[PDB]
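Here you get one chain, nothing else, as structure tokens; it is the form deposited in one PDB entry.
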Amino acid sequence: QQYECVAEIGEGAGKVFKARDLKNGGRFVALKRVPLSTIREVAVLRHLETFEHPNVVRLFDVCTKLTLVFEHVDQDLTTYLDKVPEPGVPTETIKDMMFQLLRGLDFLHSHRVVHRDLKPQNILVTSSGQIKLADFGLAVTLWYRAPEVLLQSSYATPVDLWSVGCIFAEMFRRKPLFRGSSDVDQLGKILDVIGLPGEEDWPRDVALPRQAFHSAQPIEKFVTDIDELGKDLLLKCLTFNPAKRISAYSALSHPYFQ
């Protein structure tokens, strides 16, 4: 094959490797090796590539079980936070990274792709500080799961803005905001902070009823340095109700990004 594995990046639900692209100057690429639904998902990927959005990982090739060649990025958001000098991330650097993050999200929503598992472990940061979304559009941590996914009720795009707020926060905290040991625990951790939602905000026909939990806390506690504009925006990303939750397109126009 034209490529040559030099290491593994990680494994999960598939397998991703770091390699050399021998035909293109020995640059680093990323190889993943994984039925119409599959053909379908790849058709979308190939399609999304055409637009070449700066805030999503480039697709270089699809080898004919199935190998997908993407670009390689030196690090993810997680190692960027581990290795970040004290006492954190420059307010301005957060404001910028979030924007780039929201850009690719709107780009993905606008084409009706839902990431479904957006966590800092697949948010890639390049040499220049360019955010690039990885690990999407193909078939451990619930800390970034949205309430409705936890309740197993709605699976639409509002899911990924819940994750955005969770990441937004962590960019201040440098530690995950809600660390739960399981789906019920997780759901608890969330409601301890945002407060019990209105009774009509609980989706119907879900095994978990509103009565199985027990008041809202102020946000500046768990997240310090956050401005009013950060606060307000962050609150509309973590609205319990997916219909009341903000959207990427709507987020891009928040006063916070002025």
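The first residue of the shown sequence is 1; numbering continues from there. What we label the rigid core is the largest C-alpha set whose atoms superpose within 1.5 Å from one form to the other.
The discussion below concerns the form deposited in another entry, not included here.
Please say whether, between this form and the one not shown, the C-alpha of residue 194 moves by 2 Å or more once the core is aligned.
No, because once the rigid core is superposed, the C-alpha of residue 194 moves less than 2 Å between this form and the one not shown.
Given a core-based superposition, decide whether the C-alpha of residue 54 shifts by 2 Å or more between this form and the one not shown.
No; residue 54 is a residue whose C-alpha shifts by less than 2 Å between this form and the one not shown when the cores are overlaid.
Tell me, please, whether between this form and the one not shown the C-alpha of residue 24 is shifted by 2 Å or more, with the rigid core used for superposition.
Yes, its C-alpha moves 2 Å or more.
Flagged pair residue 49/residue 21: C-alpha distance shifts by 3 angstroms or more in that other deposited form. Which direction, closer or farther?
Farther apart, which means the C-alphas of residue 49 and residue 21 are at least 3 Å more distant in that other deposited form.
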